[PDB]
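Source file: upload-v5.pdb; contents: PDB, C-alpha atoms and all ligand atoms.
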```
ATOM      1  CA  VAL I   1      95.573 123.954  15.553
ATOM      2  CA  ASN I   2      94.854 120.551  17.246
ATOM      3  CA  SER I   3      96.769 117.371  18.387
ATOM      4  CA  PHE I   4      95.597 115.021  15.578
ATOM      5  CA  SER I   5      98.568 113.754  13.483
ATOM      6  CA  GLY I   6      99.039 111.786  10.238
ATOM      7  CA  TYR I   7      95.514 112.330   8.824
ATOM      8  CA  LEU I   8      94.747 112.747   5.139
ATOM      9  CA  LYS I   9      92.453 115.762   4.541
ATOM     10  CA  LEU I  10      89.367 114.797   2.503
ATOM     11  CA  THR I  11      87.430 118.086   2.725
ATOM     12  CA  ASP I  12      87.407 121.416   4.575
ATOM     13  CA  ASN I  13      86.267 119.568   7.744
ATOM     14  CA  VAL I  14      86.763 115.790   7.327
ATOM     15  CA  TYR I  15      90.076 113.984   7.915
ATOM     16  CA  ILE I  16      90.867 110.242   7.762
ATOM     17  CA  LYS I  17      93.621 107.924   9.031
ATOM     18  CA  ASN I  18      94.348 104.155   9.177
ATOM     19  CA  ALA I  19      94.335 103.768  12.956
ATOM     20  CA  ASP I  20      92.941 101.830  15.870
ATOM     21  CA  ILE I  21      90.474 104.305  17.455
ATOM     22  CA  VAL I  22      91.334 102.907  20.908
ATOM     23  CA  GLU I  23      95.095 103.640  20.408
ATOM     24  CA  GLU I  24      94.287 106.992  18.815
ATOM     25  CA  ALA I  25      92.028 108.035  21.721
ATOM     26  CA  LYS I  26      94.680 106.961  24.271
ATOM     27  CA  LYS I  27      97.330 109.083  22.449
ATOM     28  CA  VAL I  28      95.251 112.240  21.687
ATOM     29  CA  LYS I  29      92.744 112.306  24.636
ATOM     30  CA  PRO I  30      90.289 114.161  22.398
ATOM     31  CA  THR I  31      87.427 116.216  23.846
ATOM     32  CA  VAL I  32      84.993 113.753  22.134
ATOM     33  CA  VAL I  33      85.424 110.160  20.977
ATOM     34  CA  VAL I  34      82.429 108.677  19.157
ATOM     35  CA  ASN I  35      81.288 105.149  19.979
ATOM     36  CA  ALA I  36      79.498 102.936  17.441
ATOM     37  CA  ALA I  37      76.737 102.207  19.939
ATOM     38  CA  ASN I  38      73.509 100.216  19.832
ATOM     39  CA  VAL I  39      70.243 101.405  21.425
ATOM     40  CA  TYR I  40      70.869  99.294  24.583
ATOM     41  CA  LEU I  41      74.468 100.594  24.995
ATOM     42  CA  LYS I  42      75.569  96.933  25.135
ATOM     43  CA  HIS I  43      79.219  97.313  24.154
ATOM     44  CA  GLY I  44      79.917  93.699  23.115
ATOM     45  CA  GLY I  45      81.947  93.859  19.942
ATOM     46  CA  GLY I  46      83.234  95.974  17.119
ATOM     47  CA  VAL I  47      84.333  99.488  18.010
ATOM     48  CA  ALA I  48      82.091  99.528  21.126
ATOM     49  CA  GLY I  49      83.515  96.314  22.542
ATOM     50  CA  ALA I  50      87.054  97.595  21.966
ATOM     51  CA  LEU I  51      86.412 101.023  23.540
ATOM     52  CA  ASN I  52      84.662  99.444  26.510
ATOM     53  CA  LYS I  53      87.491  96.891  27.025
ATOM     54  CA  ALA I  54      90.013  99.796  27.031
ATOM     55  CA  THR I  55      87.991 101.391  29.925
ATOM     56  CA  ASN I  56      88.182  98.113  31.944
ATOM     57  CA  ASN I  57      84.350  97.864  31.604
ATOM     58  CA  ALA I  58      83.727 101.266  33.263
ATOM     59  CA  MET I  59      81.985 102.416  30.046
ATOM     60  CA  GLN I  60      79.538  99.457  30.345
ATOM     61  CA  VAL I  61      78.883 100.120  34.055
ATOM     62  CA  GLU I  62      78.086 103.792  33.328
ATOM     63  CA  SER I  63      75.988 102.810  30.304
ATOM     64  CA  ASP I  64      73.894 100.307  32.280
ATOM     65  CA  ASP I  65      72.999 103.038  34.790
ATOM     66  CA  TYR I  66      72.118 105.395  31.860
ATOM     67  CA  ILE I  67      69.744 102.813  30.350
ATOM     68  CA  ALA I  68      68.182 101.922  33.702
ATOM     69  CA  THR I  69      67.289 105.633  34.127
ATOM     70  CA  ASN I  70      66.472 106.730  30.549
ATOM     71  CA  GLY I  71      65.616 103.606  28.540
ATOM     72  CA  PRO I  72      67.076 102.785  25.133
ATOM     73  CA  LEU I  73      68.348 105.303  22.598
ATOM     74  CA  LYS I  74      66.675 105.741  19.201
ATOM     75  CA  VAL I  75      68.321 104.395  16.028
ATOM     76  CA  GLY I  76      69.903 107.610  14.653
ATOM     77  CA  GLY I  77      70.180 109.063  18.173
ATOM     78  CA  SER I  78      72.954 109.628  20.668
ATOM     79  CA  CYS I  79      73.882 110.424  24.245
ATOM     80  CA  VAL I  80      76.925 112.043  25.810
ATOM     81  CA  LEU I  81      78.620 110.051  28.609
ATOM     82  CA  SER I  82      82.071 110.022  30.135
ATOM     83  CA  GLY I  83      85.128 109.373  27.985
ATOM     84  CA  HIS I  84      86.777 107.596  30.931
ATOM     85  CA  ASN I  85      90.514 107.142  30.239
ATOM     86  CA  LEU I  86      90.062 107.686  26.472
ATOM     87  CA  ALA I  87      88.602 111.196  26.049
ATOM     88  CA  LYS I  88      86.786 113.893  28.009
ATOM     89  CA  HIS I  89      83.417 112.707  26.656
ATOM     90  CA  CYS I  90      82.107 109.748  24.667
ATOM     91  CA  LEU I  91      79.349 110.500  22.184
ATOM     92  CA  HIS I  92      77.489 107.187  21.843
ATOM     93  CA  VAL I  93      75.858 107.310  18.396
ATOM     94  CA  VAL I  94      73.494 104.643  17.049
ATOM     95  CA  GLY I  95      73.812 104.113  13.335
ATOM     96  CA  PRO I  96      71.382 101.707  11.678
ATOM     97  CA  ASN I  97      72.447  98.060  11.832
ATOM     98  CA  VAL I  98      71.843  96.479   8.388
ATOM     99  CA  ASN I  99      72.228  92.960  10.033
ATOM    100  CA  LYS I 100      68.976  93.920  12.009
ATOM    101  CA  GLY I 101      67.108  95.381   8.930
ATOM    102  CA  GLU I 102      67.251  99.116  10.003
ATOM    103  CA  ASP I 103      66.567 101.981   7.505
ATOM    104  CA  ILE I 104      69.907 103.139   5.999
ATOM    105  CA  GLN I 105      68.332 106.660   5.610
ATOM    106  CA  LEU I 106      68.806 106.816   9.423
ATOM    107  CA  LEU I 107      72.584 107.014   8.823
ATOM    108  CA  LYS I 108      72.267 110.736   7.958
ATOM    109  CA  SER I 109      70.318 111.336  11.210
ATOM    110  CA  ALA I 110      73.093 109.467  13.115
ATOM    111  CA  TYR I 111      75.830 111.691  11.629
ATOM    112  CA  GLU I 112      73.831 114.858  12.412
ATOM    113  CA  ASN I 113      74.660 114.238  16.121
ATOM    114  CA  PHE I 114      78.295 115.057  15.306
ATOM    115  CA  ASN I 115      77.302 118.652  14.463
ATOM    116  CA  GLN I 116      76.699 119.339  18.194
ATOM    117  CA  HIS I 117      80.478 119.004  18.798
ATOM    118  CA  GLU I 118      83.186 121.248  17.319
ATOM    119  CA  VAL I 119      85.825 118.467  17.021
ATOM    120  CA  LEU I 120      85.453 114.652  17.222
ATOM    121  CA  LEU I 121      87.463 111.457  16.822
ATOM    122  CA  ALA I 122      85.074 108.916  15.252
ATOM    123  CA  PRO I 123      84.657 105.641  13.386
ATOM    124  CA  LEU I 124      82.602 105.344  10.238
ATOM    125  CA  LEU I 125      79.016 104.874  11.449
ATOM    126  CA  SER I 126      77.207 101.681  10.493
ATOM    127  CA  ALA I 127      80.515 100.118   9.297
ATOM    128  CA  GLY I 128      82.267  97.060  10.783
ATOM    129  CA  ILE I 129      79.768  94.714  12.543
ATOM    130  CA  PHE I 130      76.723  96.978  11.814
ATOM    131  CA  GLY I 131      76.915  95.687   8.166
ATOM    132  CA  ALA I 132      76.611  98.834   5.931
ATOM    133  CA  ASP I 133      78.932  99.853   2.958
ATOM    134  CA  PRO I 134      81.776 101.964   4.464
ATOM    135  CA  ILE I 135      82.129 103.894   1.156
ATOM    136  CA  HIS I 136      78.505 105.000   1.584
ATOM    137  CA  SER I 137      79.091 105.833   5.263
ATOM    138  CA  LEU I 138      82.035 108.100   4.337
ATOM    139  CA  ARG I 139      79.938 109.885   1.684
ATOM    140  CA  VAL I 140      77.098 110.508   4.196
ATOM    141  CA  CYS I 141      79.654 111.730   6.737
ATOM    142  CA  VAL I 142      81.153 114.256   4.301
ATOM    143  CA  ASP I 143      77.728 115.441   3.146
ATOM    144  CA  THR I 144      76.262 115.720   6.706
ATOM    145  CA  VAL I 145      78.943 116.649   9.261
ATOM    146  CA  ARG I 146      79.982 120.313   9.222
ATOM    147  CA  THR I 147      82.158 120.202  12.369
ATOM    148  CA  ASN I 148      85.710 118.884  12.317
ATOM    149  CA  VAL I 149      85.774 115.102  12.274
ATOM    150  CA  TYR I 150      88.868 112.869  12.442
ATOM    151  CA  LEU I 151      87.911 109.406  11.184
ATOM    152  CA  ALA I 152      89.881 106.330  12.337
ATOM    153  CA  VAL I 153      89.666 103.340  10.015
ATOM    154  CA  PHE I 154      91.068 100.127  11.616
ATOM    155  CA  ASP I 155      91.451  98.073   8.431
ATOM    156  CA  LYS I 156      94.369  99.191   6.148
ATOM    157  CA  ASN I 157      92.841  97.538   3.094
ATOM    158  CA  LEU I 158      89.556  99.429   3.667
ATOM    159  CA  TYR I 159      91.380 102.701   4.419
ATOM    160  CA  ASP I 160      93.190 102.527   1.056
ATOM    161  CA  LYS I 161      89.927 101.693  -0.750
ATOM    162  CA  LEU I 162      88.080 104.643   0.959
ATOM    163  CA  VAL I 163      90.823 107.108  -0.078
ATOM    164  CA  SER I 164      91.259 105.752  -3.639
ATOM    165  CA  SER I 165      87.475 105.811  -4.345
ATOM    166  CA  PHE I 166      86.759 109.203  -2.634
ATOM    167  CA  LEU I 167      85.067 111.746  -4.910
TER     168      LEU I 167
HETATM  169  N1  LIG O   1      91.515  97.320  18.136
HETATM  170  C1  LIG O   1      90.536  97.344  17.063
HETATM  171  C2  LIG O   1      89.399  98.314  17.368
HETATM  172  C3  LIG O   1      88.331  98.315  16.247
HETATM  173  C4  LIG O   1      88.220  99.228  15.234
HETATM  174  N2  LIG O   1      87.207  98.873  14.480
HETATM  175  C5  LIG O   1      86.695  97.760  14.969
HETATM  176  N3  LIG O   1      87.377  97.425  16.057
END
```
Give the structure from this file in C-alpha cells form.
Amino acid sequence: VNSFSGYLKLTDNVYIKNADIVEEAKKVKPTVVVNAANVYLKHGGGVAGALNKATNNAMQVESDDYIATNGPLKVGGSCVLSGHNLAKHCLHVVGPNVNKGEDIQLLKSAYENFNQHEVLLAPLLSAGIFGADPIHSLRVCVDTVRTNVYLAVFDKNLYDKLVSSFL
C-alpha cells in the first residue's frame, strides 16, 4: 500500500490522475519525483520551471553545481538529485524535445530510467513544452516502465483524452 490517492489504474503498474505535479509532490512527499529536464538542467519552464519555483530555486542551484562538475546529460538520460521540499529524490530525466528536432525513439530510453526506482511520481515525458504527442508518450510509458508509476497530468482536457483513448 502507498499514499497516492485518486488515481485511475491503467495497467498492473501504471496509474494516472489530473493533478498539478507540484501540488501532488507537496502532498505525498514521494520517494522519487521525476522532472522533465533538459540536458543543461536549466529549469526555465514547463514542469521543470514549476518544480524549481516550488523549491525557491534550490533545485537550480544544486543543478548548476551538478553540471559544472559532470557536464550535460544525454538526451534519454537521467541523474538523481535532491527532491528538496517536494520528495526525497528528484530523478531528472531528459526526454527528446521535438521543438529541437530530437529522435522520438529516444523517448523509450528516457522512460527506461524509471525502471531503476520501485515507485515514482512523474509527468508524461516529452509532453508539454517538449512538443511530442502525449498519447504516444503514455503508450511508451506503459510499454517500457515496469516499476510503479503515478502519472500527473496538469491539463484536465488532456487527461480526459488520454483516458478515453487508452488501449
Ligand atoms: N502548476 C503547473 C505545473 C505544470 C504541469 N505541467 C506543466 N506545468
> When distances are computed from all atoms listed in the file, which of I:159, I:15, I:154, I:7 shows the smallest separation from residue 128 (chain I)?
Replying inline: I:154
> residue 40 (chain I): which residues within 10 Å, counting only C-alpha atoms, same-chain residues fewer than 4 positions away excluded, as a ChimeraX atom specification?
Replying inline: /I:63-64,66-68,71-74,94
>> As an exercise, work out the distance from CA of residue 60 (chain I) to CA of residue 126 (chain I) in Å and give it to one decimal place.
In response: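 For CA of residue 60 (chain I) relative to CA of residue 126 (chain I), the distance reads 20.1 Å.
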>> So that I can check the surroundings of region 104-112 of chain I, please list as number ranges by chain every protein, DNA and RNA residue that reaches within 12 Å of it, counting all atoms listed in the file and ignoring chain neighbours fewer than 4 positions away.
In response: I: 34-39, 73-79, 91-100, 116-117, 120, 122-127, 130-134, 136-147, 149
> What residues have any atom no more than 10 Å from ligand LIG 1 (chain O) when counting only C-alpha atoms and all ligand atoms, and can you list them as a list in words?
Replying inline: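 The distance check yields residues 18, 19, 20, 21, 22, 23, 36, 45, 46, 47, 48, 49, 50, 51, 53, 54, 123, 124, 127, 128, 129, 152, 153, 154 and 155 of chain I.
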>> For the provided coordinates, the residues matched by the PyMOL selection byres (((chain I and resi 4) around 10) and not hetatm) should be stated as JSON, numbers by chain.
In response: {"I": [1, 2, 3, 5, 6, 7, 15, 17, 24, 25, 27, 28, 29, 30, 121, 150]}
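Among the candidate residues I:59, I:8, I:14, I:87, the one lying nearest to residue 114 (chain I) is I:14, with distances computed using only C-alpha atoms.
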>> One number please: CA of residue 135 (chain I) to CA of residue 42 (chain I), in Å, one decimal.
In response: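 CA of residue 135 (chain I) sits 25.8 Å away from CA of residue 42 (chain I).
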